[PDB]
Structure formats: structure tokens, C-alpha cells
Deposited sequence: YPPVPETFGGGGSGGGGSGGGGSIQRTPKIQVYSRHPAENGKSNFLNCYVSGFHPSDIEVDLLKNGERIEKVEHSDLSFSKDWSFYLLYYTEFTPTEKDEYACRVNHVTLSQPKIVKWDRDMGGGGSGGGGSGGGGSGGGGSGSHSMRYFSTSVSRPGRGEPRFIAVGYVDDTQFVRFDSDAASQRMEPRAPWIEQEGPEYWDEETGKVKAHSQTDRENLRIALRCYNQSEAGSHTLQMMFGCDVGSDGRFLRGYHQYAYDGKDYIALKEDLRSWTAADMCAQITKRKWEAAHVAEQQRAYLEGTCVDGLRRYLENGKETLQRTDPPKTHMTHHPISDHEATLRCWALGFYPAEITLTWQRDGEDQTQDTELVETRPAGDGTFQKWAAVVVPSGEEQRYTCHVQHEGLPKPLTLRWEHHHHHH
């Protein structure tokens, strides 16, 4: 777990995608997914609906966020669709006057540690959630509200680690949650904000390595209420401070030589730990699942027709789909299938009769050659 050696010195509505893991066949078991992403703050209520009522047993992934600090979650459950059943996803968020309902329509390597602290004045201590990733696969989690109060495994290949690993990781993620709790009280005072408001502090930490496994880039950055706070620059020698409050943190961390400590850890322990994980999970992390591609042609009228280019079951999540006009293409965000693979599609409305003139360009590292269909 990352070190975090020193203490300190907005609203986005969720994007909702409801879909099945595999193509829906009546009477065949499947998985109903609701992927919410690109929202801030983190608190969100997501429900899966079937024939006008809530599906009682629904699981969800651990809270994480993208590079732009926006959160994403996957709500999922097993189901068997029939001809009569109608399914939808209901999402409640501070950005919505009422819950929104969406109906169901039938290489290099990196390690990251993400953390989110959400204050809840009057309702006790802030909620701290931390997750760890290798490429696009999560392997550890910690929830300060959980009964275990331990770093928990979230990937099969991390269960190999002995008790000394889990003792060390739990104590370090616990110390981080206390540091970020004190940081929340510091940011409250520096910005002269009321004590009755809820605030969010996010942190990101990790390293990049190339194909040879040697160090490439290192990262350590903070976000407060969805806005950049402080960030370690690319040279791992100085900081980027967003506002005057963060400039106080920058000068404090400069005198303590925090950048020198983070640079040594990023180029050392982070790379050594990422190299170990890539080996133990070789059959998982060092695999390349190529996309299962297919195209659909269904007209929306007699004037126009819609062509959708599908890509299914690929890993990692990086992919590129193109038909070149970028203003006439609908491009959904890459979504997880729930089994470790990812999905994406590209659509374009097209004058009827000119279907055989359009082609889809598929780019993925799991393909020896980029496909054209």
C-alpha cells in the first residue's frame, strides 16, 4: 500500500447503461447489468427493476473512479429474460430532481491505488473506500464500514499472499484513512466551508511499466470535491498546486522532501510489487482477449437506418471503434461485462440504401491486425 507521509497544509450527473452480459435469449440464464459512470459526488442509489418492482438481491462492484476523478459503479444480478418481462434501471443522485429510469433495450502495464473519503457530519466518521488495480483488474479492497476491517482479496491470484501481507496492507490502508480524515478537516478550515456540509477527498497512486517491466511513469495526486488539489508532476520532483490552499500543502511537502520519498517508492516498491503481481496472475493479467465483433442493420424509418458495430468480451478495456465523421457517431463509454471483459459499440444513422458503403474500424491490442468490417 502507498506510503502517504504527510498531511495537508463539482457535481456531475451519472451516465446510465443497462444491458445484459451476453446476447439475450428467451429462457436462457444471463446477467442484468446497470453501469453508472461519470458522476460526482459518490453517493448514489441504484435499483434494478423487473415488471414494475425492485429486484431485491442485487450486487455491485466496489467504488472506483476514472482519471477525471468521476466515479463509476456496476450493479448486476443473475436473471433469465422472457418475452413478457420488462427490465429497467433506476438511479438516484443529488443531480436528479427525481430518480431517473432507463429501460433495457434488447503492451504496457500499470498498478493503481484509488481511495475515496466522504464526510458525513452528524452521522459519524467519514466513509473511506480504497481499491487496488493491475491494468483493468481489481485485486484488493478496503471498506471502513465493513465488518472485517481488513484489506480483502478481490482477485484469485492475490489470495496466495501470506498473513504478513494482509497484516501489512491492512495497517497501511487504515493509517491512510486516518490521514485523509485529518486532511478533510484541514481542507474544511482552509476553504472556510461550513461544518454541516459533506465533502470528498480522492487520492490516486501507482506506477507504469513497459513491456520489459521497467519503470515508465509514476503518479500521486489528490482531488477535493471533484477538483484537482495537488499532483506530483511527471518528473517526480515537484508538485502542481491548483489553488492557494494546495500551495500551502505544496510548500509543506517540499520542506519535508515528500517528492523524493514518493519517487523512490514509485520507482522501487511499486515496480517490484507490480512485477510480482503480473507473475502470480500471469494467466489472468498477461492475457489478451480479442473482441468478438459483429454488426447489426435495423432501420429506424424508410429514410434512415441504424448501423451498430459491436465489440464484446475483450480485455483490456482499451479499444477504438470508428466508422470519417466523428460528429455523426454515437460512442458509448466502454462498459464492463461483469466477468473481467469489457464491451463497447458505435452507431451511425445512415440513408437507407447506402449500407454497403460503410465500414467499421476495430482496433485492439489483442488483434494482430486492425479489423475492417
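Several segments of the deposited sequence have no coordinates for C-alpha: 10-23, 121-142, 360-364, 415-423, numbered from the first residue.
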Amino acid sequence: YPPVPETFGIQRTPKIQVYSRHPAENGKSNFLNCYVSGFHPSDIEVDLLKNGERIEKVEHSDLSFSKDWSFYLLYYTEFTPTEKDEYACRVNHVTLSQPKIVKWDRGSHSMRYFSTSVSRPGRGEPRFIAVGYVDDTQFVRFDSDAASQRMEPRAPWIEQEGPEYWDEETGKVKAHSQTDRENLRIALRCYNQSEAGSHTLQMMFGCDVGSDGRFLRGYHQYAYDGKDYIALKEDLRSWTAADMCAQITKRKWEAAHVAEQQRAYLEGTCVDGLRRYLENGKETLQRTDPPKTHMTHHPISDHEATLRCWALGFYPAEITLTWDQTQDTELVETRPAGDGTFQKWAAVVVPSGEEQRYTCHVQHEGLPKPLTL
From here on, numbers count along this sequence of modelled residues.
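Annotation for 65-73 versus 304-312: the higher mean temperature factor (C-alpha) is found in 304-312. Note on 201-209 vs 261-269: mean CA B-factor is higher in 261-269.
Considering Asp225, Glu182, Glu152, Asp135 together, the PDB entry gives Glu182 the largest C-alpha B factor. The entry assigns its greatest Cα B factor, within the set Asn51, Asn26, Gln343, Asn30, to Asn26. In the deposited entry, the Cα temperature factor of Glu169 places it in the middle third of its chain's modelled residues. For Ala337, the recorded CA temperature factor ranks within the middle third of the chain's modelled residues.
For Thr13, the recorded CA temperature factor ranks within the lowest third of the chain's modelled residues. Per-chain ranking of the deposited C-alpha B factor places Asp328 in the highest third. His297: CA B factor in the highest third of modelled residues in this chain (values from the PDB entry).
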